[PDB]
Structure formats: structure tokens, C-alpha cells
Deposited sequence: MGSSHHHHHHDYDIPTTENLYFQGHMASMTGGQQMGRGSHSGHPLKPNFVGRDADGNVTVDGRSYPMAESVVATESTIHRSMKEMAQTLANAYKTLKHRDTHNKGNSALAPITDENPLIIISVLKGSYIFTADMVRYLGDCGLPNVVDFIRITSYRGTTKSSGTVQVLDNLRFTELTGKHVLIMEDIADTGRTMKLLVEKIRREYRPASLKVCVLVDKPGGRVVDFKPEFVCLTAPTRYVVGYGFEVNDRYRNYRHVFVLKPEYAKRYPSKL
């Protein structure tokens, strides 16, 4: 239960802390985690009874269920999705969905090599124009041809989509503005904030120097 207000200077405050960069709040921490917990229940319901090719015992030719021996493959997209993935896989643990996480950069390579015929779920933190995920779903499809490939996003910005891509799973929806907080950044700043805000346009270019 977070309390959103304004300080004496007119800056947005969440639970008494001032966020001078924020214009408004998109979702407080309680809203974000309430969404991810229901999302984990949704994913678990969508994947628990499924079957895919057994990479555990290479000698078995029948298709195996999703267990700790043949878990769900989760591809987290660096950089901003690591906080989202961290909370998410623990929620999937609560719903008892066995899973494994490998990371990719948008480019640093995957290290998993047994994706063919496997159920695969990519976890990105935002879809805006839809380009980044359209290229990623096409690349993974042709390099590995999994059994299923689906996208779960923390934040969908539908109003700014240019290509035609939809995430199968969406935690939050956001307005067509630049957001920061909880993985979203401005030159890596505000990534560790526990809520998602709309950034003041005056702050969009405040840290131009390269890290």
C-alpha cells in the first residue's frame, strides 16, 4: 500500500521519498508486484501441463513434461529485464513452474544450446515500437526452431507500435511516454527505483556523458 503525493516543492513523492525526476507515477511497487504475481499464476496455468522434447535422457524418444529435468526455457533480455526476471522467476517458483534463465544482449550470445523442440519464453521489460522483440522472435525461431516461443513483457506501450508484434503476456500497460524506474533508465540512472514513473521531459538528456 504505497501513498503517492507531492512535497513542498511540487515534486512527486511515493511513501514520503521525493523523486524530482518524476512527472507522475505509472505503477507503484505494490501495483507492479500484484501484477507479476497474477502473471506468474497465468504463466504456470499456461505451461504446467505442456510437453516438449526430452534433453535430459537423450535416449528417450517420447515427449516429456515440464519438470526440473526438462524445465521451461526463459530468455531474459539484458540489461533492464534483470530486476524483472529476478522477481518473476521467484514467483514462478511459488507457482511451482520449473524454469531456467539464460541472458541475451541487444549483442551478446546465448549459452544454452538445446532450444530445438523446447518451450521457450522470453522476458523483456518493455515493448514500444515492437521492433526489438520482432527481430528477437524471428532470430530465435530460425536459429533454434523451438516448439513454442512467446513473449512476456512487464510494460506494454501499445500506442507507439510501428511493426505488428503483440506480447502473449503483459503485466502492466503504460502511456506513450518515456518511463523510468524498476529497470527503466536514463543513461543507467533510476534503474533501481521501486516504482515506475513518467519522466519529466527536462530530465531526458541530463546525463549525456558515457559510462
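Numbering the deposited sequence from 1, one finds several regions with no C-alpha coordinates, namely 1-46, 153-167.
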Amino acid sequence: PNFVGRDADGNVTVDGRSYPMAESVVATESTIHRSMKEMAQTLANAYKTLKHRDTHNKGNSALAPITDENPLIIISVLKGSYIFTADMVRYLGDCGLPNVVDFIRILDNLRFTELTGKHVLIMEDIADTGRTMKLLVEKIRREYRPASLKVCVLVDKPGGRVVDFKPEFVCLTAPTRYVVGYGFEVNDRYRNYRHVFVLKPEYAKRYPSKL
From here on, numbers count along this sequence of modelled residues.
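The PDB entry reports B-factors from which the mean C-alpha value can be compared for 150-158 and 59-67; the larger average falls on 59-67. Mean CA temperature factor is higher for 161-169 when stretches 25-33 and 161-169 are set side by side in the entry. Ranking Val137, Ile83, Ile106, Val120 by Cα temperature factor from the entry places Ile106 first. The entry lists a Cα temperature factor for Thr49 that places it in the highest third of the chain's modelled residues. In the deposited entry, the Cα temperature factor of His195 places it in the middle third of its chain's modelled residues. Among the modelled residues of the chain, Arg131 sits in the highest third by CA temperature factor in this PDB entry. Looking at the C-alpha B-factors along this chain, the one for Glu124 belongs to the middle third. The PDB entry assigns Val89 a C-alpha temperature factor belonging to the lowest third of its chain's modelled residues.
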